[PDB]
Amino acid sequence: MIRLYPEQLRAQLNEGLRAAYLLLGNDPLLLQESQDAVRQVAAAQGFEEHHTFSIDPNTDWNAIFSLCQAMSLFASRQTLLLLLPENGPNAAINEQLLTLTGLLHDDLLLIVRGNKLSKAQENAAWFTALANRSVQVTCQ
């Protein structure tokens, strides 16, 4: 799993576009800029359909999971952003995110966001899966 600061995104996102992007850090502009950088270079290659979810104890995860599951009539690739909670993943958000790490295929560009990954919590089954295949932008 690559680890590259906000400043260098334009380079690594220009050369290589991952199937996942963890934009962690409590920085207001860096976080945005980085996602606006991915959803930018994204649009570049077929991604006309974008989505976003405010991760909490109310979010309809079937919409999400079945979204990664769907096929488009116009081949429009999707950019699934997620606004994780300001205090890191919750009790079981580490399960669905794990389920989610399974639903991932190549048209779907997962983009998770929030603040510094919960100290040592980083262990959740999901983060583990993504690990090899994604990029972690330090927007701190």
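Don't overthink the numbering: it's just position in the shown sequence, from 1.
S.K.: Regarding 72-80 and 42-50, which shows the higher C-alpha temperature factor on average in the entry?
M.R.: Between 72-80 and 42-50, it is 42-50.
S.K.: If you take the mean CA temperature factor per stretch, which one wins between 100-108 and 24-32?
M.R.: The stretch with the larger mean CA B-factor is 24-32.
S.K.: When the modelled residues of the chain are sorted by Cα temperature factor, does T59 land in the lowest, middle or highest third?
M.R.: It belongs to the middle third of the chain when residues are ordered by C-alpha B-factor.
S.K.: Can you tell me whether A91 has a C-alpha B-factor in the lowest, middle or highest third compared with the other modelled residues of the same chain?
M.R.: As the PDB entry reports it, the C-alpha B-factor of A91 lands in the highest third of its chain.
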